[PDB]
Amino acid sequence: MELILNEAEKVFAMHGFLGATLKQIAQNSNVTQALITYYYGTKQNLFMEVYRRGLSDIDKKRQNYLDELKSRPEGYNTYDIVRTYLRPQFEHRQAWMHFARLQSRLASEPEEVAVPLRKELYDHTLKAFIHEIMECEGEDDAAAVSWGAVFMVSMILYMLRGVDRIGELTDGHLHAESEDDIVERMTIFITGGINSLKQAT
């Protein structure tokens, strides 16, 4: 159960969907291919499962951060929503690493798996996230928010790569202090970006 998913997570992050084999996944779990086929059916299904588990934990925490927000006496704003969506991707506990790496390669996966992935696991919550921003007091431009959400995803997928790109570009002078610094900077950036799109329409 949990062993086979963890090892398959590792092997997919490393080789992508096509490159991975159940042969390799069986070897690192000490089981037969047969037993996997039994539990999971097809390489695609196993792959979907790895994503179901990963994104189930993240969206549960997203939902908890959103419930806390909607319980504040003072209310909330766009900034708060964006930060709500981002933290769960970045708050770690090598559990965290492999799913982060895996997600970061999503764009190079075949449409045969990417399209169902997006439709079944990401769309629902992104739409929900967009709707929440529409409910806020700055916002009745769906265009600005929806584009902003597309740009968010691109930022998330890249940041999940774990590359210290800011370090590489500033000859070491600038670094991300932490995951919360990364989240904070993306939150501000996106919130401002959404605003500029709204203010130019």
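A residue's number is simply how far along the shown sequence it sits, counting from 1.
Unmodelled deposited residues between residue 93 and residue 94, binned | The entry has a short gap there, with 1 to 3 residues left out between residue 93 and residue 94.
Output the stretch having the higher mean C-alpha B factor in the entry; the candidates are 173-181 and 20-28.
-> The entry gives the higher C-alpha B-factor average to 20-28.
Between 66-74 and 38-46, name whichever shows the higher mean Cα B factor according to the PDB entry.
-> Between 66-74 and 38-46, it is 66-74.
Based on the PDB record, which member of 58, 136, 153, 166 exhibits the highest Cα temperature factor?
-> If I rank 58, 136, 153, 166 by C-alpha B-factor, first place goes to 136.
With respect to C-alpha B-factor, does residue 190 fall in the lowest, middle or highest third of the chain as deposited?
-> Its C-alpha B-factor, which the entry lists for residue 190, ranks in the lowest third among residues of this chain.
Residue 142 by Cα B-factor - lowest, middle or highest third of the modelled chain | Its C-alpha B-factor belongs to the highest third of this chain's values.
Third of chain Cα B-factors occupied by residue 102 | Tercile = lowest for this residue's CA B-factor.
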